[PDB]
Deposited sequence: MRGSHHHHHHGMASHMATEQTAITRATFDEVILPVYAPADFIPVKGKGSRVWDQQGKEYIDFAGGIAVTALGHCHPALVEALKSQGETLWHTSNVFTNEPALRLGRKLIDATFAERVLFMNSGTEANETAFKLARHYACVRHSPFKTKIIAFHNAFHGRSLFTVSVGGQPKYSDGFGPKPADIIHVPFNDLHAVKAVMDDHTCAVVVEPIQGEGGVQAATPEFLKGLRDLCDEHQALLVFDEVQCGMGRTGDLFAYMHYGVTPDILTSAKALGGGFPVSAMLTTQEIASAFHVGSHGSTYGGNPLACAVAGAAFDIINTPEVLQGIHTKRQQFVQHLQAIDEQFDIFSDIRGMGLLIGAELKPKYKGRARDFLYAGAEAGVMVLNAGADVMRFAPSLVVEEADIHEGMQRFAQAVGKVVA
């Protein structure tokens, strides 16, 4: 049915998920799967979490939609929660990570234009970066194969290697408006920024009067075991973007910044009432000491399994990432074959991810039960075993 209905932009699994509860999912044939993928780090509280269902139902019988002309109570409440918990003084709500990034990039550009010079236009970004698939965001993204072939790209974007501080210093000048970076490049093989690199970015932005833009669409909202990855590093950005985990499955996103920067464009703008209600309930759960502590407990449970799998099958050269964003890089013998293990995983009843062709990625619910971790990782071990044999 897929090939007959929707554009040839995706190559989906043979099975169709129909129901989810917690970190378990069922297809049309009733086959049960363990979810270590979370729809690519989106369902951070699992499927149909009672508190998120409650919020959806309660707001759903009250008010769904206002235009950006009006504010609404769920948006104001969520805005306040994000402002109180972060560096942010102002928040702008959208629907997707791409839109949040569009907003952040446009703001950095416009801030430079009005506060400094219309010629202050250079955006520094990184190879293997992913920021979305709109023309602008994909051009800021560091994957030419995704940005090629759509006509003239928005100009004045410069790409250098991730974690290469000297390259950044080399390209930055008084005509630079922003540095855009994922504190951890999720799609780009789960590579975390070094402390010196991220700190260095802050110093260079300060020097050249450019804005440091953190894309935390994937690595934000508790993913790393801190509310946002920047908190782990102790490096404060000028602008931050958040989505995916923000709504635990509901299409929602946020752009966070200071009042000084926001004024280039109330403490909150926009935000769908239904979306913000759900994101509010999601925030309330994730931003607790115990949930954040548990993310680190759960990571080591996952990592110990991956270490045991490697001890058995000689398969991983590296296990990396932060919190419940986990990357397992394949050894040279299994290079380029990440998709093979993902497919065998699904056959064994476990849903995993890739991060390029050389890396297995895990992004489960932040509250995934210990029992589900052990069962799912046993399934993945069997899947690995089938590929090896």
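Undergrad: In sequence order, which parts of the deposited sequence are missing C-alpha coordinates?
TA: In sequence order, the gaps with no modelled C-alpha are 1-26, 292-296.
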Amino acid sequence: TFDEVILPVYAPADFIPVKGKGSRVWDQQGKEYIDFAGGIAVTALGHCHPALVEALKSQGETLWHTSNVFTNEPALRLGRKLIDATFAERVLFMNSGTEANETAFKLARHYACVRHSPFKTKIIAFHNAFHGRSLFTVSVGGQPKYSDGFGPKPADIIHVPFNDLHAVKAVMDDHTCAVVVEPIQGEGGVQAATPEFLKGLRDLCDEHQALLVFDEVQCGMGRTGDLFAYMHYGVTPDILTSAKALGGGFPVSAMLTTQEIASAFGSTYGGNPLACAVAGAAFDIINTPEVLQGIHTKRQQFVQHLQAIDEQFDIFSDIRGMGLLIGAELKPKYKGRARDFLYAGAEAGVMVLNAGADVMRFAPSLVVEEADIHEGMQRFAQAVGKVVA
From here on, numbers count along this sequence of modelled residues.
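Undergrad: Tell me which of 157-165 and 304-312 has the higher mean C-alpha B-factor in the deposited entry.
TA: Between 304-312 and 157-165, it is 304-312 that shows the higher mean C-alpha B-factor.
Undergrad: When the C-alpha temperature factors are averaged for each of 34-42 and 327-335, which stretch ends up with the higher value in the entry?
TA: Looking at the recorded C-alpha B-factors, 327-335 comes out higher on average.
Undergrad: Sort 105, 146, 230, 150 by C-alpha B-factor from the entry and give me just the highest.
TA: Highest C-alpha B-factor among the listed residues goes to 146.
Undergrad: Please work out which residue in 257, 253, 117, 272 has the highest C-alpha B-factor recorded for this crystal structure.
TA: Result of the comparison over 257, 253, 117, 272: 272.
Undergrad: Determine, from the deposited record, the chain-internal third of the Cα B-factor for residue 216: lowest, middle or highest.
TA: Bottom third by C-alpha B-factor.
Undergrad: Divide the modelled residues of the chain into thirds by Cα B-factor and specify which third, lowest, middle or highest, holds residue 77.
TA: Top third by C-alpha B-factor.
Undergrad: Relative to the other modelled residues in the chain, which third contains the C-alpha temperature factor of residue 189: lowest, middle or highest?
TA: CA B-factor rank for residue 189: highest third.
Undergrad: Sorting the chain's CA B-factors, does residue 265 end up in the lowest, middle or highest third?
TA: Highest third.
Undergrad: Where does the C-alpha B-factor of residue 201 rank in its chain, lowest, middle or highest third?
TA: Middle third of the chain for residue 201's C-alpha B-factor.
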